[PDB]
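K.L.:
Kindly return the folded structure for what I paste below:
(4 chains)
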Amino acid sequence: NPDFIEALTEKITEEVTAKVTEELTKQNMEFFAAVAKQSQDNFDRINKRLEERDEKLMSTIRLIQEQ
Amino acid sequence: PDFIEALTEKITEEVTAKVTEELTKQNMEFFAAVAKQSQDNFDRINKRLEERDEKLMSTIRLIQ
Amino acid sequence: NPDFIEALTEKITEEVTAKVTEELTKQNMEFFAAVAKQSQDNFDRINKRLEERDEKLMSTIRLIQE
Amino acid sequence: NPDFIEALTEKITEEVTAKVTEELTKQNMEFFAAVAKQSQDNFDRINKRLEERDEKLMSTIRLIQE
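P.N.:
Numbers count the residues shown, from 1 in each chain, chains lettered A, B, ... in the order given. See the structure here:
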């Protein structure tokens, strides 16, 4: 019967699909989390740069003024 | 053979067609999200640099 | 017998794999190429905007002087 | 022949799954690495620009007004 062929194929297609897409999902999650981490670390580094720069600037403005 | 040929060709097309599709669909959704957090990140930086430069100048002028 | 099963299995396995990877590769090529253009485009914006704020800045430090 | 069909069904599913997962894994590592490096190369890009910006802005104010 082509019913038996259709059926056996779909069983195999489903199992292979399920277990392939499950693994590729887990790998994509891990990559998403790690890129976010990367992004925050990047933002934090930048916001420190701005803090130091704003401070050094205001310090220098202050020294100009006191003259 | 007619059977084994039929089953073999069937399994191959079917697994290939459906795996490609399911990963593709899944990729479109991932590549969309990764591009958004990417642009969100740029929007974040931009807005922060805009604001701090505006505060720098408004400082400078106002103090001098 | 098993050799035959084993042979059908290596054939199916390789036909599928080659087709799937040849697909997820071409896909990853597009996305890579697109995140690069987005990355550079976003760099060009931030740079212009810094130029514009350096000009405003010099204009200001030029007036404070006058 | 149930034993033959069974035998063939098991091996195809194990092997196709094993072979595909492994290739995509391999493709993904190579692929993820290149997103991640392009990403940090872009962040470095911004950083060295802000370092140089802030440094020039600093030098101007001190040279002009101090």
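
K.L.:
The spatially most central residue of chain A sits in which helix or strand?
P.N.:
Nearest residue to the geometric centre of chain A (Cα atoms, centre = their mean): residue A:35, 2.7 Å. According to DSSP states H and E, residue A:35 maps onto helix A:2-65.

K.L.:
That helix vs helix D:2-65, what angle?
P.N.:
Put simply, helix A:2-65 runs at 10 degrees to helix D:2-65, going by axes from the mean of the first three to the mean of the last three Cα atoms, to 10 degrees.

K.L.:
Could you list the buried residues of stretch A:27-46?
P.N.:
If you call a residue buried by 16 or more other Cβ atoms under 10 Å in any protein chain shown, then stretch A:27-46 has these buried ones: A:27-28, A:31, A:35, A:39, A:42, A:46. The way it works is simple: take the backbone N, C-alpha and C, and place the C-beta from them, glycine included.

K.L.:
Could you do stretch A:6-22 as well?
P.N.:
A:8-9, A:12-13, A:15-17, A:20-21.

K.L.:
Show me what from chain A comes close to chain D.
P.N.:
A:8, A:11-12, A:15-16, A:19-20, A:23-24, A:27, A:31, A:34-35, A:38, A:42, A:45-46, A:49, A:53, A:56-57, A:60-61, A:63-64 (Cβ under 8 Å from any Cβ of the partner chain).

K.L.:
Apply 6 Å and report the result again.
P.N.:
A:12, A:15-16, A:19-20, A:23-24, A:27, A:31, A:42, A:49, A:53, A:60, A:64 (Cβ under 6 Å from any Cβ of the partner chain).

K.L.:
if we take the residues you listed, which one ends up nearest to residue A:4?
P.N.:
Nearest to residue A:4 out of these is residue A:12 (Cβ to Cβ; 12.7 Å).

K.L.:
Go ahead and confirm the closest one touches residue D:13.
P.N.:
Yes. Counting by Cβ atoms under 6 Å, residue D:13 is a contact partner of residue A:12 at 5.5 Å.

K.L.:
related to what we said a few turns ago, want to throw the residues of chain A next to chain D into a markdown table with distance to chain C?
P.N.:
Below are those laid out as a markdown table (distance: Cβ to the nearest Cβ, whole Å):
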| residue | distance to chain C |
| --- | --- |
| A:12 | 9 |
| A:15 | 13 |
| A:16 | 8 |
| A:19 | 13 |
| A:20 | 8 |
| A:23 | 13 |
| A:24 | 9 |
| A:27 | 12 |
| A:31 | 12 |
| A:42 | 13 |
| A:49 | 14 |
| A:53 | 13 |
| A:60 | 12 |
| A:64 | 10 |
